Number of protein chains: 2
Amino acid sequence: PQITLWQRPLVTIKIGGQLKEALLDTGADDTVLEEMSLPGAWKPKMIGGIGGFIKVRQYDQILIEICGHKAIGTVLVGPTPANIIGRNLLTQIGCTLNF
Amino acid sequence: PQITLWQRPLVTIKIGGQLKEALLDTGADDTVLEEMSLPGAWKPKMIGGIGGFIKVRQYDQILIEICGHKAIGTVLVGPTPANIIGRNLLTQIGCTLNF
Ligand SMILES: CC(C)c1nc(CN(C)C(=O)N[C@H](C(=O)N[C@@H](Cc2ccccc2)C[C@H](O)[C@H](Cc2ccccc2)NC(=O)OCc2cncs2)C(C)C)cs1
């Protein structure tokens with residue numbers, strides 16, 4: 001679909017068998033989700049944004065379904081104030097910015 | 001134009017007579033630019049991001065030209081690690097996410 005921006009671009013994602021809402025975030029290189037249950041191995045990593053950095057857990061090759069599209073990629077888990085779907089995954093579902 | 005996301009969505013903006021590059025950021029409610037010279041009055045404000053928060057200066061109704069489109073709106077200036085064009089201005093140039 002086409003999503004205009006007067007409102008936060010929140011979409012429904014299914015990951016690890018759970019349903020969550022997250023922001024389609026063109027300004028994020030990576031995808032970061034609030035503390036959640038994920039299967040597999042994971043290396044600790046650190047990500048930063050406005051305000052500073054957060055310690056997070058990097059899980060590689062996770063399957064995720066965004067607003068209906070599937071993609072596989074890296075998902076970071078941590079105390080993020082908001083679930084963010086970053087470019088690593090937006091490219092996969094073929095998301096583009098248009099004006 | 002249409003902008004895909006394999007690379008950071010950096011565009012050229014002209015604001016306060018100066019040229020800068022900034023990120024089209026659907027994940028940002030507001031537009032925050034690095035320490036720069038702006039004319040007019042401004043109230044102090046505080047914004048937060050992934051790693052916490054930053055203190056910035058809020059300037060209202062600033063004219064800005066993004067990748068060729070003009071818009072008027074609020075611009076915050078501060079020690080942001082990156083110039084971000086948020087939804088307040090992206091709506092103005094008619095930007096939409098499409099997949
Ligand atoms: C509380 C919560 C439910 C929400 N609040 C808001 C409102 N807020 C605060 C914002 O929009 N705030 C913006 C912001 O930081 N947005 C963020 C999402 C977010 C929202 C709330 C809390 C934490 C993170 C999302 C933005 O795309 C920023 C922009 C950016 C890029 C480089 C350097 C600095 C900044 N990106 C990131 O923080 O990316 C982190 C990464 C992802 N992959 C790798 S690092 C500011 C720039 C204005 C939306 S959702």
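Numbering of ligands and ligand atoms starts at 1, following listing order. Protein chains get the first letters and strands the later ones, always in sequence-line order, with residue 1 at the start of each.
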- Item | B:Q7 atom CD, neighbour heavy-atom count above 12 within 6.0 Å | no
If you measure every N/O of [X] against every N/O of ligand 1, is any gap under 3.5 Å?
X: B:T80; answer: no
X: B:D30; answer: no
X: B:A82; answer: no
X: A:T31; answer: no

Only heavy atoms of [X], strictly under 4.0 Å: list the atoms of ligand 1 that pass.
X: B:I84; result: 35 (C), 47 (C)
X: B:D25; result: 26 (C), 27 (O), 28 (C), 29 (C)
X: B:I50; result: 23 (C), 24 (C), 38 (O), 40 (C)
X: A:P81; result: 1 (C), 2 (C), 3 (C), 22 (C), 23 (C)

- Just jot down the side chain to side chain donor-acceptor pair (under 3.5 Å) partners of A:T74, sequence neighbours excluded, or say none. A:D60
- Query: Out of A:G86, B:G51, B:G49, whose heavy atom sits nearest atom 15 (O) of ligand 1?
  - Reply: B:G49
- Query: Of the listed options (B:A28, A:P79, B:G27, A:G48), which comes nearest to atom 16 (N) of ligand 1 when hydrogens are ignored and any heavy atom counts?
  - Reply: B:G27
- Identity and distance of the protein heavy atom lying nearest atom 50 (S) of ligand 1: A:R8 NH1, 3.0 Å
- Task: Identify the protein heavy atom lying closest to atom 11 (O) of ligand 1, giving its residue, its atom name and the separation to 0.1 Å.
- Result: B:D29 N, 2.8 Å
Treating [X] as the side-chain partner and [Y] as the backbone partner, does any N or O pair qualify as donor plus acceptor under 3.5 Å?
X: B:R57; Y: B:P44; answer: no
X: A:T12; Y: A:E21; answer: no
X: B:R87; Y: B:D29; answer: no

- Which of A:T31, A:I93, A:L90, A:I15 passes side-chain contact (heavy atoms from CB on, under 4.5 Å) with A:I66? It is A:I93
- Message: If we check side-chain contact (heavy atoms from CB on, under 4.5 Å) with B:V32, which of these qualifies: B:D25, B:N83, B:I54?
- Response: B:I54
- Any protein heavy atom nearer than 4.0 Å to atom 7 (C) of ligand 1: yes
- Do B:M36 and B:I85 belong to the same hydrophobic cluster, where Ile, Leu, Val, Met, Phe, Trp and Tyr are linked whenever their side-chain heavy atoms lie under 4.5 Å apart, directly or via other members? yes
- Enumerate the residue pairs fulfilling side-chain hydrogen bond (donor to acceptor under 3.5 Å, both in side chains) with a member in residues 90-99 of chain B, sequence neighbours excluded, ordered by first and then second residue. B:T96-B:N98
